[PDB]
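Take a look at the structure below.
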Amino acid sequence: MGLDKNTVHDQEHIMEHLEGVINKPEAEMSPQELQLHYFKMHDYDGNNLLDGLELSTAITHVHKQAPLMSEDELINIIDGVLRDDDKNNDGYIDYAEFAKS
Amino acid sequence: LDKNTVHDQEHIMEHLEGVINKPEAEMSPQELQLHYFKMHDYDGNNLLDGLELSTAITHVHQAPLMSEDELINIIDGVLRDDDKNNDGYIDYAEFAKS
Amino acid sequence: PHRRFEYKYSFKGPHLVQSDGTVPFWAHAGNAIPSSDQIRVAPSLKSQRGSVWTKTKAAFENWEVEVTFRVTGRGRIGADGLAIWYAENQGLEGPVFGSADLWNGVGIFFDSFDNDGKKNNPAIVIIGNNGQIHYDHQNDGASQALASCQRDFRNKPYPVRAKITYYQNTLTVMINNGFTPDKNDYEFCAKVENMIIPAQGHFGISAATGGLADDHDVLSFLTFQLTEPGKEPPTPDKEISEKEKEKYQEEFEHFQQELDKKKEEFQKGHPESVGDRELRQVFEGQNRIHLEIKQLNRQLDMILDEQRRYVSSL
Amino acid sequence: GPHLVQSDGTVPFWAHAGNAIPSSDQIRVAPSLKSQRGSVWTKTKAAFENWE
Amino acid sequence: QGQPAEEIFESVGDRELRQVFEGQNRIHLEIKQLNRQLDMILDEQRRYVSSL
Ligand SMILES: [Ca+2]
Ligand SMILES: [Ca+2]
Ligand SMILES: [Ca+2]
Ligand SMILES: [Ca+2]
Ligand SMILES: [Ca+2]
Ligand SMILES: [Zn+2]
């Protein structure tokens, strides 16, 4: 499986993640700006490019428990996403590549 | 500490090489009791404690490592009878005498 | 006060860790990393919590504990620090230096990080809790501080050494600076009096490392129960007349002299950094400068005292 | 980094042994202690002709 | 707030020299105490002159 689209739309999980860095909470966000937030904030390296390591952290988190998924399962998750979203084959994902899905 | 446990001169020969390498096959048991005192006084105080003597009896020369409470029983008993100045330490006055 | 060594409450190198990987007499947990030389209780990584505790409970009315250790920090500021504990339970894990809060006993805290913002740290704090006092780390625990001495203990050339003396219900701290290779160069910084502890309790050590990274390492831990000299009984007749002891000792003394002679021609029979030698020379240079001037203290003080007697006599 | 070890503290795609100490930022492969031997290897074999 | 990386950086020798300077500091405090002690000696002795 790849990254499910509804997992992007988890608005409270965005306020879960935007908590601490931004102290103004607003619950009116369209799926646009939160996916911009999600793409940028999970680009921990600051390069505006996601790799399979950053994506795997974005899949997993520690949302404190839950049993960990299999590594080869996550391999197919990363490989399935890379096969479906990274178009330039850079080993990285653009926001334009991100906005495809 | 049984006497013959201390009286393994070929084992302390496995201790003393490089430090000294001359073969001497007339080593009397008292001449090597003080060897056993010397090679196991790692602290250099010339005052053996239960910690050094634990390494003396546990060794690293495989053999199963003895249980903690049994290791206590021998180390508490030796501490009880061998020394008499109530130092928490075995000495030349205490080791070779007992 | 006659001392009694407690191997049952101590650990030391050069064989500190047994072949099974454990410290005798002592249970390590958390980020405590015991080696056969020393223990890395909390390594130089973020949020490291380690603690090594006595497996057996200790029941000594008066006692003394000597600890040789080293805190190393690549930065000038250190986090978090160290904590010696004589707490009735074994507080292996928790927030207070990697050990649990609400301890019934006493904790001695080496805080390099100045959370209080009052430029205290690095400092040493005595806090005795019955189990009801929550340690607030934010003020560096200054409110419940029974006593404190502001001394630096990080990045010393020689391992810092601590003497902790509970005797006649007072707890006194002697400290070696770690700027000298002398083991016994112990100095007063703090003490508490009328000190109450659980008579039965566990000794333990814990260390924490925050975002700033410190290697907290313990080379040795020594325990001595203190008995009062008028209470230690001099039982005679067990010396075997003490003449056989004199007859035995000089044999071993001559043997250690000839052992030195035997060891001589094989380090050279079959064969130190310049600068490290020179820095060591400068370090001992400062050391005996301090020793000479402390002798000058004693000389001038005894001159003072002699004057306050001969002037009175005149 | 900034999360090099997982929730279990293990490294994905890499198995560690000996004195290798993996953290969320780095791995202390050999600490500043006497006779430390650590190593971290790829869990997966890599078959590349040219690489960097 | 934050923390600069300059505190992290240290050379081998400068750390040693700073430790030496700290070793000088204790002897400076030593000097202060000795001067205080000799000064109170002066104060008591030059009035024991008057008393005798
Ligand atoms: Ca990235
Ligand atoms: Ca791309
Ligand atoms: Ca000894
Ligand atoms: Ca004895
Ligand atoms: Ca402070
Ligand atoms: Zn999340």
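Each chain in the structure tokens gets a letter, A, B and so on, in the order shown; residues start at 1 in every chain, and ligands are counted from 1 in the order they appear.
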
Excluding same-chain residues fewer than 3 positions from region 36-51 of chain D, what lies within 6 Å of it counting only C-alpha atoms, as JSON, numbers by chain?
{"D": [13, 14, 15, 16, 17, 18, 19, 20, 29, 30]}

Kindly export the residues of the current selection with N, CA, C and O atoms, as a JSON list (two decimals), in the first residue's frame.
[["chain", "number", "residue", "atom", "x", "y", "z"],
["D", 13, "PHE", "N", 17.25, -1.23, 8.33],
["D", 13, "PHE", "CA", 18.16, -1.66, 7.26],
["D", 13, "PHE", "C", 19.58, -1.90, 7.73],
["D", 13, "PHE", "O", 20.46, -2.19, 6.91],
["D", 14, "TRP", "N", 19.84, -1.80, 9.03],
["D", 14, "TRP", "CA", 21.18, -1.91, 9.56],
["D", 14, "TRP", "C", 21.12, -2.66, 10.88],
["D", 14, "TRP", "O", 20.36, -2.30, 11.77],
["D", 15, "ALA", "N", 21.94, -3.71, 10.99],
["D", 15, "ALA", "CA", 22.08, -4.49, 12.21],
["D", 15, "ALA", "C", 23.39, -4.12, 12.89],
["D", 15, "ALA", "O", 24.43, -4.05, 12.23],
["D", 16, "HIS", "N", 23.32, -3.87, 14.19],
["D", 16, "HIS", "CA", 24.48, -3.46, 14.96],
["D", 16, "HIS", "C", 24.89, -4.56, 15.94],
["D", 16, "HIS", "O", 24.06, -5.30, 16.45],
["D", 17, "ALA", "N", 26.19, -4.63, 16.20],
["D", 17, "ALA", "CA", 26.73, -5.59, 17.15],
["D", 17, "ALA", "C", 28.00, -5.03, 17.76],
["D", 17, "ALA", "O", 28.58, -4.05, 17.27],
["D", 18, "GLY", "N", 28.43, -5.67, 18.84],
["D", 18, "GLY", "CA", 29.59, -5.22, 19.58],
["D", 18, "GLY", "C", 29.31, -3.97, 20.38],
["D", 18, "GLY", "O", 28.23, -3.81, 20.95],
["D", 19, "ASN", "N", 30.28, -3.06, 20.41],
["D", 19, "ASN", "CA", 30.19, -1.84, 21.19],
["D", 19, "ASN", "C", 29.53, -0.70, 20.43],
["D", 19, "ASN", "O", 29.67, 0.47, 20.81],
["D", 20, "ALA", "N", 28.81, -1.01, 19.35],
["D", 20, "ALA", "CA", 28.10, 0.01, 18.60],
["D", 20, "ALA", "C", 26.90, 0.50, 19.39],
["D", 20, "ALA", "O", 26.04, -0.29, 19.79],
["D", 29, "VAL", "N", 29.78, 4.10, 17.61],
["D", 29, "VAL", "CA", 30.23, 2.78, 17.17],
["D", 29, "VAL", "C", 31.28, 2.24, 18.13],
["D", 29, "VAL", "O", 31.25, 1.06, 18.50],
["D", 30, "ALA", "N", 32.20, 3.09, 18.56],
["D", 30, "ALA", "CA", 33.18, 2.72, 19.58],
["D", 30, "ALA", "C", 33.30, 3.87, 20.56],
["D", 30, "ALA", "O", 33.79, 4.95, 20.19]]

7 Å shell around ligand 2 using only C-alpha atoms and all ligand atoms, listed as a PyMOL selection string
chain A and resi 86-94+97

Just want the residues within 8 Å of ligand 4, written as a VMD selection string, counting only C-alpha atoms and all ligand atoms.
chain B and resid 79 82 to 91 94

What do you get as JSON, numbers by chain if you pick all residues at most 7 Å from ligand 5, counting only C-alpha atoms and all ligand atoms?
{"C": [114, 115, 116, 117, 118, 119, 120, 121, 123, 139, 140]}

For the selection just defined, write its residues with N, CA, C and O atoms to a file, as a short mmCIF file (atom, residue, chain, number, x, y, z; two decimals), in the first residue's frame.
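Output file again.cif follows:
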data_model
loop_
_atom_site.label_atom_id
_atom_site.label_comp_id
_atom_site.auth_asym_id
_atom_site.auth_seq_id
_atom_site.Cartn_x
_atom_site.Cartn_y
_atom_site.Cartn_z
N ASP C 114 22.62 24.81 35.00
CA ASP C 114 22.01 25.82 35.85
C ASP C 114 20.59 26.11 35.36
O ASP C 114 20.32 27.11 34.69
N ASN C 115 19.68 25.19 35.69
CA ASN C 115 18.28 25.39 35.34
C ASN C 115 17.70 26.57 36.11
O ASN C 115 16.78 27.24 35.63
N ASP C 116 18.22 26.82 37.31
CA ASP C 116 17.72 27.93 38.11
C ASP C 116 18.06 29.28 37.50
O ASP C 116 17.43 30.29 37.83
N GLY C 117 19.07 29.33 36.63
CA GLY C 117 19.49 30.59 36.06
C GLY C 117 20.26 31.47 37.02
O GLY C 117 20.50 32.64 36.70
N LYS C 118 20.66 30.94 38.17
CA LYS C 118 21.29 31.72 39.23
C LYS C 118 22.79 31.52 39.27
O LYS C 118 23.44 31.83 40.28
N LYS C 119 23.34 30.96 38.19
CA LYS C 119 24.77 30.73 37.98
C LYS C 119 25.35 29.84 39.07
O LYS C 119 26.55 29.93 39.37
N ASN C 120 24.52 28.99 39.67
CA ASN C 120 25.01 28.10 40.71
C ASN C 120 25.88 27.01 40.10
O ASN C 120 27.00 26.76 40.55
N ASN C 121 25.37 26.38 39.06
CA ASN C 121 25.89 25.12 38.57
C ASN C 121 27.09 25.30 37.65
O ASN C 121 27.15 26.27 36.89
N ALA C 123 27.45 22.48 40.65
CA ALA C 123 27.37 22.58 42.10
C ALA C 123 26.89 21.25 42.66
O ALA C 123 26.39 20.39 41.94
N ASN C 139 14.35 24.96 39.48
CA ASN C 139 15.15 25.86 40.29
C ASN C 139 16.45 25.22 40.74
O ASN C 139 17.04 25.69 41.72
N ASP C 140 16.88 24.16 40.06
CA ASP C 140 18.00 23.30 40.48
C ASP C 140 17.79 22.72 41.88
O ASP C 140 18.75 22.37 42.56
#

Write out as an mmCIF file with C-alpha atoms, in the first residue's frame every residue belonging to chain E that has an atom at most 8 Å from any atom of chain C, counting only C-alpha atoms.
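Produced file iface05.cif, reproduced below:
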data_model
loop_
_atom_site.group_PDB
_atom_site.id
_atom_site.type_symbol
_atom_site.label_atom_id
_atom_site.label_comp_id
_atom_site.auth_asym_id
_atom_site.auth_seq_id
_atom_site.Cartn_x
_atom_site.Cartn_y
_atom_site.Cartn_z
ATOM 1 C CA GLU E 7 31.152 26.476 23.721
ATOM 2 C CA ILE E 8 31.304 23.026 22.122
ATOM 3 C CA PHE E 9 34.590 23.743 20.364
ATOM 4 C CA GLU E 10 37.815 23.326 22.323
ATOM 5 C CA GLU E 16 44.822 22.310 29.671
ATOM 6 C CA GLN E 19 42.768 24.142 33.903
ATOM 7 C CA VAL E 20 46.182 25.551 34.830
ATOM 8 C CA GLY E 23 44.808 26.018 39.460
ATOM 9 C CA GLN E 24 46.246 29.519 39.710
ATOM 10 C CA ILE E 27 46.386 29.969 44.992
ATOM 11 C CA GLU E 30 45.155 31.332 49.204
ATOM 12 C CA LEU E 34 47.214 34.676 53.991
ATOM 13 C CA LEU E 38 48.881 38.525 58.500
ATOM 14 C CA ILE E 41 48.289 39.669 63.169
ATOM 15 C CA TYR E 48 49.771 44.319 72.341
#

Go ahead and compute the interatomic distance for CA of residue 33 (chain D) and CA of residue 12 (chain C), in Å to one decimal.
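The value is 15.7 Å.
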
So which residues are near ligand 3, meaning at most 9 Å away with only C-alpha atoms and all ligand atoms counted, given back as a PyMOL selection string?
chain B and resi 37-38+40-53+89-91

Can I get the selected residues back with N, CA, C and O atoms, as a PDB file, in the first residue's frame?
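For reference, out07.pdb as written:
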ATOM      1  N   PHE B  37      49.460 -14.087  46.934  1.00  0.00           N
ATOM      2  CA  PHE B  37      49.195 -12.780  47.522  1.00  0.00           C
ATOM      3  C   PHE B  37      49.621 -11.659  46.579  1.00  0.00           C
ATOM      4  O   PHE B  37      48.911 -10.659  46.430  1.00  0.00           O
ATOM      5  N   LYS B  38      50.785 -11.809  45.941  1.00  0.00           N
ATOM      6  CA  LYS B  38      51.341 -10.730  45.129  1.00  0.00           C
ATOM      7  C   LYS B  38      50.561 -10.526  43.837  1.00  0.00           C
ATOM      8  O   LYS B  38      50.196  -9.395  43.496  1.00  0.00           O
ATOM      9  N   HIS B  40      47.601 -11.184  42.999  1.00  0.00           N
ATOM     10  CA  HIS B  40      46.201 -10.822  43.143  1.00  0.00           C
ATOM     11  C   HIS B  40      45.999  -9.537  43.934  1.00  0.00           C
ATOM     12  O   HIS B  40      44.852  -9.150  44.174  1.00  0.00           O
ATOM     13  N   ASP B  41      47.074  -8.868  44.344  1.00  0.00           N
ATOM     14  CA  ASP B  41      46.971  -7.535  44.939  1.00  0.00           C
ATOM     15  C   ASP B  41      47.100  -6.482  43.842  1.00  0.00           C
ATOM     16  O   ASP B  41      48.123  -5.812  43.685  1.00  0.00           O
ATOM     17  N   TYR B  42      46.024  -6.354  43.064  1.00  0.00           N
ATOM     18  CA  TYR B  42      46.032  -5.427  41.936  1.00  0.00           C
ATOM     19  C   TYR B  42      46.047  -3.982  42.411  1.00  0.00           C
ATOM     20  O   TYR B  42      46.600  -3.107  41.737  1.00  0.00           O
ATOM     21  N   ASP B  43      45.434  -3.716  43.565  1.00  0.00           N
ATOM     22  CA  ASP B  43      45.377  -2.362  44.102  1.00  0.00           C
ATOM     23  C   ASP B  43      46.740  -1.849  44.538  1.00  0.00           C
ATOM     24  O   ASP B  43      46.920  -0.634  44.660  1.00  0.00           O
ATOM     25  N   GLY B  44      47.696  -2.739  44.789  1.00  0.00           N
ATOM     26  CA  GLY B  44      49.014  -2.316  45.207  1.00  0.00           C
ATOM     27  C   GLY B  44      49.131  -1.958  46.667  1.00  0.00           C
ATOM     28  O   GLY B  44      50.216  -1.565  47.107  1.00  0.00           O
ATOM     29  N   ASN B  45      48.053  -2.083  47.437  1.00  0.00           N
ATOM     30  CA  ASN B  45      48.094  -1.795  48.862  1.00  0.00           C
ATOM     31  C   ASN B  45      48.798  -2.876  49.667  1.00  0.00           C
ATOM     32  O   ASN B  45      49.045  -2.661  50.860  1.00  0.00           O
ATOM     33  N   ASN B  46      49.115  -4.016  49.038  1.00  0.00           N
ATOM     34  CA  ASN B  46      49.587  -5.226  49.719  1.00  0.00           C
ATOM     35  C   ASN B  46      48.613  -5.636  50.818  1.00  0.00           C
ATOM     36  O   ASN B  46      49.005  -6.064  51.905  1.00  0.00           O
ATOM     37  N   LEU B  47      47.323  -5.498  50.519  1.00  0.00           N
ATOM     38  CA  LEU B  47      46.251  -5.727  51.483  1.00  0.00           C
ATOM     39  C   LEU B  47      45.082  -6.298  50.684  1.00  0.00           C
ATOM     40  O   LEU B  47      44.345  -5.563  50.024  1.00  0.00           O
ATOM     41  N   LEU B  48      44.954  -7.620  50.721  1.00  0.00           N
ATOM     42  CA  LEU B  48      43.941  -8.296  49.926  1.00  0.00           C
ATOM     43  C   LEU B  48      42.559  -8.081  50.525  1.00  0.00           C
ATOM     44  O   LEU B  48      42.357  -8.226  51.733  1.00  0.00           O
ATOM     45  N   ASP B  49      41.604  -7.733  49.672  1.00  0.00           N
ATOM     46  CA  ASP B  49      40.201  -7.648  50.046  1.00  0.00           C
ATOM     47  C   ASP B  49      39.423  -8.744  49.332  1.00  0.00           C
ATOM     48  O   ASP B  49      39.965  -9.487  48.509  1.00  0.00           O
ATOM     49  N   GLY B  50      38.130  -8.825  49.650  1.00  0.00           N
ATOM     50  CA  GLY B  50      37.280  -9.819  49.023  1.00  0.00           C
ATOM     51  C   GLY B  50      37.088  -9.592  47.539  1.00  0.00           C
ATOM     52  O   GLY B  50      36.843 -10.541  46.792  1.00  0.00           O
ATOM     53  N   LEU B  51      37.199  -8.338  47.092  1.00  0.00           N
ATOM     54  CA  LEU B  51      37.053  -8.037  45.671  1.00  0.00           C
ATOM     55  C   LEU B  51      38.191  -8.631  44.854  1.00  0.00           C
ATOM     56  O   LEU B  51      37.949  -9.293  43.837  1.00  0.00           O
ATOM     57  N   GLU B  52      39.436  -8.391  45.272  1.00  0.00           N
ATOM     58  CA  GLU B  52      40.583  -8.989  44.602  1.00  0.00           C
ATOM     59  C   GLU B  52      40.546 -10.505  44.695  1.00  0.00           C
ATOM     60  O   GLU B  52      40.836 -11.202  43.716  1.00  0.00           O
ATOM     61  N   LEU B  53      40.188 -11.025  45.869  1.00  0.00           N
ATOM     62  CA  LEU B  53      40.136 -12.466  46.060  1.00  0.00           C
ATOM     63  C   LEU B  53      38.980 -13.095  45.300  1.00  0.00           C
ATOM     64  O   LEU B  53      39.033 -14.288  44.981  1.00  0.00           O
ATOM     65  N   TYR B  89      40.188  -6.951  55.519  1.00  0.00           N
ATOM     66  CA  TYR B  89      41.344  -7.186  54.673  1.00  0.00           C
ATOM     67  C   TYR B  89      42.160  -8.355  55.194  1.00  0.00           C
ATOM     68  O   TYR B  89      42.321  -8.553  56.402  1.00  0.00           O
ATOM     69  N   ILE B  90      42.719  -9.096  54.244  1.00  0.00           N
ATOM     70  CA  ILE B  90      43.608 -10.214  54.513  1.00  0.00           C
ATOM     71  C   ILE B  90      45.031  -9.714  54.325  1.00  0.00           C
ATOM     72  O   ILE B  90      45.337  -9.063  53.319  1.00  0.00           O
ATOM     73  N   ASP B  91      45.895 -10.004  55.291  1.00  0.00           N
ATOM     74  CA  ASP B  91      47.254  -9.489  55.285  1.00  0.00           C
ATOM     75  C   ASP B  91      48.245 -10.641  55.367  1.00  0.00           C
ATOM     76  O   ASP B  91      47.871 -11.795  55.558  1.00  0.00           O
TER      77      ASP B  91
END

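Among the candidate residues A:41, A:68, A:8, A:59, the one lying nearest to chain D is A:68, with distances computed using only C-alpha atoms.
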
Show me which residues line ligand 6, defined as having an atom within 10 Å of a ligand atom where only C-alpha atoms and all ligand atoms count, and present them as a list in words.
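Residues satisfying the distance criterion: residues 7, 8, 10, 12, 13, 14, 15, 16, 17, 18, 38, 42, 57, 58, 59, 60, 61, 62 and 63 of chain A.
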
Neighbouring residues of ligand 1 are defined here as those with any atom at most 9 Å from a ligand atom, counting only C-alpha atoms and all ligand atoms; list them as a list in words.
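Listing the residues within 9 Å of ligand 1 gives residues 40, 42, 43, 44, 45, 46, 47, 48, 49, 50, 51, 52, 53, 54, 55, 92 and 93 of chain A.
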
Same residues, N, CA and C atoms, saved as an mmCIF file, in the first residue's frame:
data_model
loop_
_atom_site.group_PDB
_atom_site.id
_atom_site.type_symbol
_atom_site.label_atom_id
_atom_site.label_comp_id
_atom_site.auth_asym_id
_atom_site.auth_seq_id
_atom_site.Cartn_x
_atom_site.Cartn_y
_atom_site.Cartn_z
ATOM 1 N N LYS A 40 6.266 20.171 4.410
ATOM 2 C CA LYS A 40 7.391 20.951 4.914
ATOM 3 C C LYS A 40 7.876 20.441 6.262
ATOM 4 N N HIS A 42 7.634 17.607 7.697
ATOM 5 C CA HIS A 42 8.266 16.301 7.668
ATOM 6 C C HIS A 42 9.510 16.296 6.803
ATOM 7 N N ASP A 43 9.801 17.413 6.140
ATOM 8 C CA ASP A 43 11.121 17.666 5.579
ATOM 9 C C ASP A 43 11.978 18.243 6.699
ATOM 10 N N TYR A 44 12.387 17.351 7.606
ATOM 11 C CA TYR A 44 13.177 17.753 8.766
ATOM 12 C C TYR A 44 14.533 18.301 8.347
ATOM 13 N N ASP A 45 15.090 17.769 7.263
ATOM 14 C CA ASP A 45 16.382 18.200 6.751
ATOM 15 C C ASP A 45 16.355 19.598 6.150
ATOM 16 N N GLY A 46 15.178 20.147 5.862
ATOM 17 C CA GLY A 46 15.092 21.493 5.340
ATOM 18 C C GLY A 46 15.377 21.636 3.862
ATOM 19 N N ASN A 47 15.451 20.535 3.120
ATOM 20 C CA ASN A 47 15.783 20.575 1.703
ATOM 21 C C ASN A 47 14.558 20.640 0.797
ATOM 22 N N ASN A 48 13.351 20.676 1.371
ATOM 23 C CA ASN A 48 12.070 20.617 0.657
ATOM 24 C C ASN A 48 11.944 19.377 -0.220
ATOM 25 N N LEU A 49 12.703 18.334 0.098
ATOM 26 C CA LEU A 49 12.647 17.059 -0.594
ATOM 27 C C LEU A 49 12.516 15.966 0.448
ATOM 28 N N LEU A 50 11.557 15.075 0.246
ATOM 29 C CA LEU A 50 11.352 13.958 1.149
ATOM 30 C C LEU A 50 12.060 12.734 0.589
ATOM 31 N N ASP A 51 12.736 11.988 1.454
ATOM 32 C CA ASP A 51 13.272 10.692 1.074
ATOM 33 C C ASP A 51 12.509 9.601 1.817
ATOM 34 N N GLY A 52 12.845 8.345 1.512
ATOM 35 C CA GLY A 52 12.152 7.228 2.134
ATOM 36 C C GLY A 52 12.372 7.142 3.630
ATOM 37 N N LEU A 53 13.476 7.707 4.116
ATOM 38 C CA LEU A 53 13.716 7.757 5.552
ATOM 39 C C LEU A 53 12.781 8.749 6.232
ATOM 40 N N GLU A 54 12.649 9.952 5.664
ATOM 41 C CA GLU A 54 11.727 10.942 6.217
ATOM 42 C C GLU A 54 10.288 10.465 6.110
ATOM 43 N N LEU A 55 9.949 9.813 4.995
ATOM 44 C CA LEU A 55 8.605 9.276 4.815
ATOM 45 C C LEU A 55 8.298 8.203 5.846
ATOM 46 N N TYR A 92 13.980 11.524 -4.383
ATOM 47 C CA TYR A 92 13.349 12.537 -3.554
ATOM 48 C C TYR A 92 11.994 12.890 -4.145
ATOM 49 N N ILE A 93 11.167 13.527 -3.324
ATOM 50 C CA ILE A 93 9.806 13.889 -3.698
ATOM 51 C C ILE A 93 9.668 15.401 -3.646
#

Length of the CA of residue 204 (chain C) to CA of residue 175 (chain C) vector [Å]
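About the pair CA of residue 204 (chain C) and CA of residue 175 (chain C): they are 18.8 Å apart.
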
Measure the distance from CA of residue 78 (chain B) to CA of residue 225 (chain C) in Å and round it to one decimal.
19.5 Å

Compile the contact shell of residue 13 (chain C) as an mmCIF file with N, CA, C and O atoms, in the first residue's frame: residues with an atom at most 8 Å away, counting only C-alpha atoms, same-chain residues fewer than 6 positions apart removed.
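And here's around_20.cif as it stands now:
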data_model
loop_
_atom_site.group_PDB
_atom_site.id
_atom_site.type_symbol
_atom_site.label_atom_id
_atom_site.label_comp_id
_atom_site.auth_asym_id
_atom_site.auth_seq_id
_atom_site.Cartn_x
_atom_site.Cartn_y
_atom_site.Cartn_z
ATOM 1 N N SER C 36 34.708 -3.171 32.711
ATOM 2 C CA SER C 36 35.588 -3.769 33.710
ATOM 3 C C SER C 36 36.491 -2.744 34.383
ATOM 4 O O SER C 36 37.076 -3.043 35.428
ATOM 5 N N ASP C 37 36.633 -1.556 33.801
ATOM 6 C CA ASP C 37 37.351 -0.464 34.439
ATOM 7 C C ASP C 37 36.411 0.467 35.198
ATOM 8 O O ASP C 37 36.600 0.706 36.395
ATOM 9 N N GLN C 38 35.399 0.997 34.517
ATOM 10 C CA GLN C 38 34.513 1.994 35.097
ATOM 11 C C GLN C 38 33.101 1.748 34.586
ATOM 12 O O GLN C 38 32.844 0.792 33.855
ATOM 13 N N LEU C 219 34.747 5.306 38.162
ATOM 14 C CA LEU C 219 35.849 4.356 38.162
ATOM 15 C C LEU C 219 35.785 3.426 39.367
ATOM 16 O O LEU C 219 36.126 2.243 39.256
ATOM 17 N N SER C 220 35.350 3.935 40.518
ATOM 18 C CA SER C 220 35.295 3.117 41.718
ATOM 19 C C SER C 220 34.216 3.637 42.651
ATOM 20 O O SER C 220 33.861 4.818 42.625
#

Do a neighbour search on residue 6 (chain A) at 12 Å with only C-alpha atoms, toss out local chain neighbours closer than 4 positions, and write the hits as a list in words.
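Listing them by chain and then by number gives residues 2, 10, 11, 13, 31, 35 and 101 of chain A.
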
DSSP on the backbone, then: every residue of region 20-215 of chain C marked strand (DSSP E), written as a ChimeraX atom specification.
/C:26-30,33-34,39-42,48-54,58-59,62-72,81-87,104-111,123-130,147-149,160-167,170-176,186-192,200-209,215

At a cut-off of 12 Å, which residues of chain C touch chain D? Count only C-alpha atoms and give the answer as a list in words.
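Those within range of chain D come out as residues 14, 31, 33, 34, 35, 36, 37, 38, 39, 40, 43, 44, 45, 46, 47, 48, 72, 211, 215, 216, 217 and 219 of chain C.
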
Just-selected residues, N, CA, C and O atoms written as a compact mmCIF listing (two decimals), in the first residue's frame:
# COMPACT_ATOMS: atom_id res chain seq x y z
N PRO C 14 40.44 -3.20 38.62
CA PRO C 14 40.47 -3.19 37.15
C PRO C 14 39.61 -4.30 36.57
O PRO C 14 39.55 -4.50 35.37
N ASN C 31 20.57 3.68 31.18
CA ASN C 31 21.72 3.96 30.33
C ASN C 31 23.04 3.77 31.06
O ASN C 31 24.07 4.27 30.59
N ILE C 33 26.29 2.07 31.71
CA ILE C 33 27.13 1.21 30.88
C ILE C 33 28.35 0.80 31.68
O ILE C 33 29.35 1.54 31.73
N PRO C 34 28.31 -0.36 32.34
CA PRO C 34 29.44 -0.79 33.18
C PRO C 34 30.50 -1.51 32.35
O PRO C 34 30.19 -2.44 31.60
N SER C 35 31.74 -1.08 32.49
CA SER C 35 32.90 -1.76 31.93
C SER C 35 33.75 -2.32 33.07
O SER C 35 33.54 -1.99 34.24
N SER C 36 34.71 -3.17 32.71
CA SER C 36 35.59 -3.77 33.71
C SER C 36 36.49 -2.74 34.38
O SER C 36 37.08 -3.04 35.43
N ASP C 37 36.63 -1.56 33.80
CA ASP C 37 37.35 -0.46 34.44
C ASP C 37 36.41 0.47 35.20
O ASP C 37 36.60 0.71 36.39
N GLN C 38 35.40 1.00 34.52
CA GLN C 38 34.51 1.99 35.10
C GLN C 38 33.10 1.75 34.59
O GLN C 38 32.84 0.79 33.85
N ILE C 39 32.18 2.62 34.97
CA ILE C 39 30.79 2.53 34.53
C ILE C 39 30.43 3.84 33.85
O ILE C 39 30.56 4.91 34.46
N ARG C 40 29.96 3.77 32.62
CA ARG C 40 29.36 4.93 31.98
C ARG C 40 27.90 4.95 32.38
O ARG C 40 27.04 4.37 31.72
N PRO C 43 25.92 8.23 29.23
CA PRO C 43 26.87 8.61 28.18
C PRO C 43 26.57 9.99 27.61
O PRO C 43 25.57 10.64 27.92
N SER C 44 27.48 10.42 26.73
CA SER C 44 27.41 11.72 26.08
C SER C 44 26.42 11.70 24.91
O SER C 44 26.76 11.94 23.75
N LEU C 45 25.17 11.39 25.23
CA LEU C 45 24.07 11.41 24.28
C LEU C 45 22.87 12.05 24.94
O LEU C 45 22.83 12.22 26.16
N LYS C 46 21.88 12.42 24.14
CA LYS C 46 20.75 13.16 24.67
C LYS C 46 19.84 12.27 25.50
O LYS C 46 19.48 11.17 25.07
N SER C 47 19.48 12.77 26.69
CA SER C 47 18.51 12.15 27.59
C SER C 47 18.93 10.73 27.97
O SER C 47 18.23 9.75 27.71
N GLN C 48 20.08 10.63 28.62
CA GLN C 48 20.61 9.36 29.08
C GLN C 48 20.37 9.22 30.57
O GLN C 48 20.77 10.10 31.34
N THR C 72 32.77 14.18 31.90
CA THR C 72 33.44 14.77 30.75
C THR C 72 32.41 15.42 29.85
O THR C 72 31.44 14.78 29.43
N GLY C 211 19.73 17.51 26.83
CA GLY C 211 20.11 17.83 25.46
C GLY C 211 21.61 18.05 25.33
O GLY C 211 22.23 17.58 24.37
N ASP C 215 29.55 12.63 29.51
CA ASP C 215 29.87 11.27 29.92
C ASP C 215 30.06 11.28 31.43
O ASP C 215 31.03 11.85 31.94
N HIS C 216 29.12 10.67 32.14
CA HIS C 216 29.24 10.45 33.58
C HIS C 216 29.77 9.04 33.77
O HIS C 216 29.11 8.07 33.39
N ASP C 217 30.97 8.92 34.33
CA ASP C 217 31.62 7.63 34.48
C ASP C 217 32.14 7.50 35.90
O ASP C 217 32.58 8.48 36.50
N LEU C 219 34.75 5.31 38.16
CA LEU C 219 35.85 4.36 38.16
C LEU C 219 35.78 3.43 39.37
O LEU C 219 36.13 2.24 39.26

I'd like a table as JSON lines: residues in chain B with an atom no more than 8 Å from region 246-268 of chain C, each row giving the shortest atom pair and its distance in Å to one decimal, only C-alpha atoms counted, sorted by chain and rising residue number.
{"residue": "B:18", "atom": "CA", "partner": "C:266", "partner_atom": "CA", "distance": 7.0}
{"residue": "B:19", "atom": "CA", "partner": "C:263", "partner_atom": "CA", "distance": 5.5}
{"residue": "B:20", "atom": "CA", "partner": "C:263", "partner_atom": "CA", "distance": 5.9}
{"residue": "B:34", "atom": "CA", "partner": "C:252", "partner_atom": "CA", "distance": 6.9}
{"residue": "B:92", "atom": "CA", "partner": "C:249", "partner_atom": "CA", "distance": 6.1}
{"residue": "B:93", "atom": "CA", "partner": "C:248", "partner_atom": "CA", "distance": 6.7}
{"residue": "B:96", "atom": "CA", "partner": "C:248", "partner_atom": "CA", "distance": 8.0}
